[PDB]
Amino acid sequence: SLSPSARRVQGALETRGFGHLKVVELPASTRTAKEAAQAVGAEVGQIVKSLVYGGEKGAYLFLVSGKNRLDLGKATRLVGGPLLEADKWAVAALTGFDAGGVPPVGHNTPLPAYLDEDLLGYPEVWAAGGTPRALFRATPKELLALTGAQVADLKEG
């Protein structure tokens, strides 16, 4: 049985029009992105991290490649100003879920979003579904249509 938080995410996919996609439960010890990757037999680069940063007029969601690291220099240029990495506590609210488990949809407070163009380098990806131990699969395209993010260059070199 999936958790309450995993249940919402799943319901959100269905009301938005992506009911064929599904949330799967992973081992209770699954804490990082590589353990998550091992579990579905995916490369660590296919995992999607939902990073929350706070700007002057609101929060922004950054969906980054598991093998990459967000370049704050680029992050600021896209937004159009300075950003503040959301504190793990602040994440609790702007979202309502756990840090290390933040879902790219099913939110209570919709945020603008950017998506690591390196994710389109794969046929399918795995985004978090509620907790560090939940994930759901989708093609780069579907995640783009689900979230409505702007594909962008975000990685450090």
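One rule holds for the numbers: they count along the sequence shown, beginning at 1.
Read off the CA B-factors in the entry, average them over 68-76 and over 81-89, and name the higher stretch. If you average the C-alpha B-factors of 68-76 and of 81-89, the larger mean comes out for 81-89.
Greater mean Cα temperature factor according to the PDB record, 107-115 or 57-65: Comparing 57-65 with 107-115, the higher mean C-alpha B-factor belongs to 107-115.
Identity of residue with top Cα B-factor, from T95, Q38, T131, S50: Spelled out: the listed residue with the top C-alpha B-factor is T95.
Mind checking which third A42 falls in for C-alpha B-factor across the chain? Its C-alpha B-factor belongs to the middle third of this chain's values.
Would you mind checking where the Cα B-factor of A99 ranks among the modelled residues of its chain, as the lowest, middle or highest third? Answer is highest: the recorded C-alpha B-factor places it there.
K141's Cα B-factor: lowest, middle or highest third of the chain? Ranked within chain, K141 CA B lands in the highest tercile.
Third assignment of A12 from its chain's C-alpha B-factors: Its C-alpha B-factor, which the entry lists for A12, ranks in the lowest third among residues of this chain.
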